[PDB]
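So you can see what is in the structure, the chains are spelled out below.
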Amino acid sequence: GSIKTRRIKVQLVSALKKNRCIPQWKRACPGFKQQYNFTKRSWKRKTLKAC
Amino acid sequence: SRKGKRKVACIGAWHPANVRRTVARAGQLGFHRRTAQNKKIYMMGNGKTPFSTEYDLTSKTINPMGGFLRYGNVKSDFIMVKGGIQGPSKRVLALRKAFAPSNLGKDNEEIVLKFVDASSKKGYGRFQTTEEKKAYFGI
Amino acid sequence: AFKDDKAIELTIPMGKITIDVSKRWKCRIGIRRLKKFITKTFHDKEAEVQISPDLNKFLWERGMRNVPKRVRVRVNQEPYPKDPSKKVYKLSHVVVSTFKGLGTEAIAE
Amino acid sequence: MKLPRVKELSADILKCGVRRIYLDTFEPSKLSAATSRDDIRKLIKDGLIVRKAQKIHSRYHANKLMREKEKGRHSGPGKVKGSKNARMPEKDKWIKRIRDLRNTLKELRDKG
RNA sequence: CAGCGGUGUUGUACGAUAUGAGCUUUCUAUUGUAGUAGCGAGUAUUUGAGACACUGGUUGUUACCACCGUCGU
RNA sequence: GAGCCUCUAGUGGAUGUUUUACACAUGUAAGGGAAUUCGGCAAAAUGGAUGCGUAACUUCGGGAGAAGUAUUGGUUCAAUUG
RNA sequence: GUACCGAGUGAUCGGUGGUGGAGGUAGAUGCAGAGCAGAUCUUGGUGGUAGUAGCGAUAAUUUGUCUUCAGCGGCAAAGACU
RNA sequence: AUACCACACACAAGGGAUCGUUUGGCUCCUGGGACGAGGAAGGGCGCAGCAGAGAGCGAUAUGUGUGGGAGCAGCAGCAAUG
């Protein structure tokens, strides 16, 4: 909801910046072997436990 | 009861371990061949010659007011017989001379008609001819 | 269109064609059966039928559980624009005071 | 600018519900080109977006019934469902009476 | 689909007009006369009316003469 | 601020077919009236307000809305809560 | 690894032709985590049933028109509902 | 058995056994046995030209000195003034 503590807000801000795919240029690099970022999440499928 | 009331409850014992042909089951009803024996001819006549009894001195044809419901007016020769007969209007039937003669007293008696009903078969029919309807109403 | 590019004007017995249809859905199924009547009258089952909004509005006038006894309509026949292998019949509402005397007429233009 | 959104912003501007906004049919291009509240203000001024009137609910029967009940019609034994006391409260009759009588005595004494 | 005949079901359409237990006394012209009304459940007439169906009776109008497959000679 | 009907504000999709039997939610029924069944289970019947009239027993407070009966729409008037 | 053909009572062994693309045996001895049809065995993959059972408690939907490219999507006009 | 069901063989599907390989594991032996109030171990947050995770590093987030010496993995730019 609208009321939040400072500690809860920083957790949300960090959880929101980490939630991104692999940038499209990295895929062209000779040494790079990852397909998809397995740390990506959806609000419909997991809980953060920020509480 | 659960699972329905309009059924036979028990359709057999444990032995024999099959259903017998004598137990009732759901299926086709009607549209079968049937023969009705010893029906008696009350009258024979023609659809467009009027007739009268010794007692009813009106002269009228066999056709009721407005005709028979999904048929209209009789035009050819006709037979009249006692009781009901197989099938709906318009179906074909086969007629046969009786296979053996009857001993029953109800069958072998004479027939003398005094009245035949010619009123409408649609709704309550309350007149025997168009002349009566024209006389009951005005003009 | 029709012979000599005439329109045909006819009356549809909505009361009769819906005799068997359930009270709850009378007006919904009546529309399906008005279109069927047209196609048999001109012997053209695969053709399209198009209902003008004024005729729609007349039919729905007493809600879903009812339909008028008789309705008078003008019909035009044209090749179907989206697939000109078919025909389309276009229906227009004709306002009448009484039905007495109205047969089936063919009118120029 | 999708047409559902045009209705929302118009509803905000004309202080009514979305069910009262009418979009004119002959220039959908002109509507779809809108980007901002100031575009919508102009379209409203030009009459391409219109507020419809309210649906009618007349008091004809209510007034008629009220006048008839004032004449004393209806109101028979087959028209009432509550107790006599619910319809004409007994404590109120008492309170009305005794205030009049007390006021009458007060004036008579004070006037000598 | 309509006429015109025929056979049923319901119960007497809309609108006019007249009456109605009672309650009421308004207007115009102009000095005094003449003009001069309202409100009302219902009932009767026009009206066995009007509505609705079916007709293997009869007249008018409108629509329909295709196409694809299989087996054989 | 019951149920039923409307104003303000908000709302909806597995397609076509008249679609037997057996179901699940419901209606109606001649004459008889619990004969049904472990058992009136289920259903029907009664129902608001106004008046008349109300038993045994009782800790005298109650029983008591006992039971049993009659009235009720529209219109036009009187009379002022009857 | 896969078809054929030969040798052995048998556990098994040998060759030939396609596929594959870099390693492999015969004799005598040594050490063992050394041979499977089953355990309502463990893990992974696949059938029959079957284009079948089902997918539709609730307010309800029709017509035109544009897109969509084939959404009862959007917009107008009706019909309903909380 | 015209078309269903079964088996055999050739071709196409479906799955990942087998054989070939390994910058990982395990066991034994030898060395080592080095933390913190000068703020540890462990947690959080920031820092790249395009940068999510992980690695590296603290607002000095590739600074200074010494020994060397050729490129910075993609794209754009840098480099014997390193």
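Residues numbered from 1 in each chain as written, not as in the entry; some residues may be left out. Chains lettered and ligands numbered in written order. Part of a larger assembly, values for the part shown. Heavy atoms only, no water.

Enquirer: Any chance you could explain the overall build of chain B here in plain terms?
Expert: Secondary structure assignment for chain B yields one helix and two strands. In chain B, the order of α-helices and β-strands from amino to carboxyl end is β-β-α. For chain B, the proportion of its 139 residues judged to be buried stands at 11%. The long-range share in chain B, meaning contacts at least 24 apart out of those at least 6 apart in sequence, stands at 62%. Just so you have it, chain B exposes about 13200 Å², and 55% of that area is on carbon and sulfur atoms. Across chain B, the mean location of the 28 positive side-chain charges is 23 Å away from that of the 9 negative side-chain charges. (Helix = DSSP H or I, 4+ residues; strand = E, 2+ residues; numbered from the N terminus. Buried < 20%, exposed > 50% of the residue type's maximum accessible area, 1.4 Å probe, protein only. Contact = heavy atoms within 4.5 Å. Areas by Shrake-Rupley, 256 points an atom, 1.4 Å probe, with all protein chains shown as cover. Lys, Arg positive; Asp, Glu negative; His and termini not counted. Charge placed at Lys NZ, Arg CZ, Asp CG, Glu CD.)

Enquirer: Would you mind going over the UniProt feature "binding site: Mg(2+)" (unreviewed entry) in chain B with me for this structure?
Expert: Residues and elements named next belong to chain B. According to UniProt, the "binding site: Mg(2+)" (unreviewed entry) feature falls on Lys121. For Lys121, the contacting residues outside a window of four places in its chain are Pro64 and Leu69. A distance of 3.2 Å separates the side chain of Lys121 from the backbone oxygen of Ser119, its partner in a polar contact. (UniProt positions renumbered as here; feature names shortened; annotations may be inferred. Polar contact = N/O pair within 3.5 Å; in protein donor to acceptor, adjacent residues only side chain to side chain.)

Enquirer: Looking at this structure, I do not really get unusual backbone geometry. What am I missing?
Expert: Excluding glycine, residues mostly have negative phi values, and the peptide bonds linking residues are mostly trans. In this chain, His15 of chain B is followed by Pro16 of chain B through a cis amide linkage whose omega measures -5 degrees. Tracing the sequence through the fold places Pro16 of chain B in the segment before β1 (41-46). A positive phi angle, close to 60 degrees, is found at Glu109 of chain C, a residue other than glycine. Checked against the element boundaries, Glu109 of chain C lands in the segment after β5 (105-108). We classify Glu109 of chain C as exposed; its relative accessible area is 78%.

Enquirer: What should I look at first to understand the pairing of strand β4 (residues 87-93) of chain C in this one?
Expert: For a regular strand, the rule is simple: side chains alternate between the two faces of the sheet. All names here are of chain C. The sheet contact formed by strand β2 (residues 48-51) and β4 spans four bridges and is parallel. Each residue of the ladder has a partner; that of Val49, found in β4, is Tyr89. Of the strand pairs in this sheet, strand β3 (residues 71-79) and β4 are connected by seven bridges, and their pairing is antiparallel. Paired with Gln77 across the strands is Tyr89, a residue of β4. (Pairing = 2+ DSSP bridges.)

Enquirer: Please explain the protein's contact with RNA strand G as it appears in this structure.
Expert: The full set close to RNA strand G counts 19 residues, and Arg24, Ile51, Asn56 and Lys57 of chain C together with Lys7 of chain D are the nearest of them. Near the protein, meaning within 4 Å, the atoms of RNA strand G are sugar or phosphate in a fraction of 89%, with bases accounting for the rest. One nitrogen or oxygen atom from the main chain of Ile51 of chain C is found 3.1 Å from a sugar or linking oxygen belonging to RNA strand G. A distance of 2.9 Å is found between a sugar or linking oxygen of RNA strand G and a side-chain nitrogen or oxygen belonging to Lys57 of chain C. At the level of secondary structure, the elements contributing two or more residues to the surface near RNA strand G comprise α2 (26-41), β2 and α3 (53-59) of chain C together with α1 (3-13) and β1 (21-23) of chain D. (Near = heavy atom within 4 Å.)

Enquirer: How should I be thinking about the nonpolar core in this particular structure?
Expert: Soluble globular proteins tend to bury their nonpolar side chains together. All names here are of chain C. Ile12, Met14, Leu59, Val73, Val75 and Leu91 are the most contacted members of the largest nonpolar core, which has 20 residues in total. Within the residue set of this core, elements represented by two or more residues are β1 (6-12), α1 (14-17), α2, α3, β3 and β4. With four residues, the single largest contributor to this core is α2. (Core = buried A, V, L, I, M, F, W, Y, C linked by side-chain atoms within 4.5 Å.)

Enquirer: How should I be thinking about the packing of aromatic side chains in this particular structure?
Expert: How two aromatic rings sit relative to each other is given by the distance of their centres and the angle of their planes. Taken as a whole and assessed by the stated rule, the structure comprises six aromatic pairs over all chains. Between the aromatic rings of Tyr136 of chain B and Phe137 of chain B, the centroid separation amounts to 5.1 Å while the plane-to-plane angle is 85 degrees, which identifies the pairing as edge-to-face. On the basis of relative accessible area, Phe137 of chain B is assigned to the partly exposed category, the value being 45%. Ring centres of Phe42 of chain C and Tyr89 of chain C lie 5.4 Å apart, and the angle between their planes is 15 degrees; this geometry places the pair in the stacked category. Within this pair, whereas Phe42 of chain C is found in the loop between α2 and β2, its partner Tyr89 of chain C is found in strand β4, the two being separated by 47 residues in sequence. When its relative accessible area of 2% is taken as the criterion, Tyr89 of chain C is described as buried. Among the aromatic residues, those joined into a cluster by ring pairs are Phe127, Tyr136 and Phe137 of chain B. In this structure, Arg28 of chain C packs its charged tip against the face of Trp25 of chain C, placed 5.3 Å from the ring centre. (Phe/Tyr/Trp six-rings, centres within 6.5 Å; stacked < 30°, edge-to-face > 60°. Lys NZ or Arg CZ within 6 Å of the ring centre and 35° of its normal.)

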